[PDB]
């Protein structure tokens, strides 16, 4: 028993972290097969930052200007391409330790592991949840750009995130491996306000199902609220729309508690917990998906 925010082990991703250097700027990259992915803002001088013309910048750049470094092993660039807001660098050496990988995209509420790295050296890992603001609440410093976010599907690493920007204090965003930014965010030094965020409803239902299986069920009552009626209320109460997951149905069977019983509980809890905790908390814990709690039950 017990519920925590868990990360995937990091041994499949650690051998792919490289250092990428251009002029007086060093950030991180991902070395997969004969290619190195990294944020394109590595070619930005502190003068060309407010509205950078990346096509003009890539004219005065050659493969030789790029210094890719796996640990202390120098890698040689053959060519480079701009795929959205991401640079793809073809190297001469194949990454022998390339895992079985796929390039995916997370939706709000979904979770992944970030392998934080500085100077191509992994420092540690942390669990994040993509918010409805298309940002993550991470912990990143000066040289953290290019750190990747991933999810292990069986024996496959689904790479879903590349660290690019800090929009505000503790508010982070980046691109998918197609070079596309999550949300409307851009790689420019301008004021970037956040997209509207909500409490991730199905993730809070997951916390309640896990609480029931962790000997905590005070919130379960006679009351019942249909998915359709809860969705109408959620629009004006800071909650996201609920879509019944296959894992939600599995959790409902294990507890004998219908999803509709839990949606009614959420509405009551909106006006207060009244000093009662649910697994050590009086908050809307919405950072774990139904399948994140299922794996711990």
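Numbering follows the first chain given and starts at 1.
- Just going by the entry, 209 to 217 versus 82 to 90 on mean CA temperature factor gives the higher value to 82 to 90.
- Between the stretches 132 to 140 and 92 to 100, it is 92 to 100 that shows the larger average CA temperature factor.
- In this entry, the residue among 110, 71, 166, 197 with the greatest C-alpha B factor is 71.
- Among the modelled residues of its chain, residue 284 has a C-alpha B-factor that falls in the lowest third, as given in the PDB entry.
- Residue 157: CA B factor lies in the middle third for its chain, per the PDB record.
- Annotation for residue 274: CA B-factor lies in the middle third of the chain's modelled residues.
- Among the modelled residues of its chain, residue 201 has a C-alpha B-factor that falls in the lowest third, as given in the PDB entry.
- Residue-level temperature factors show residue 224 in the highest third of its chain, judged at the C-alpha atom.
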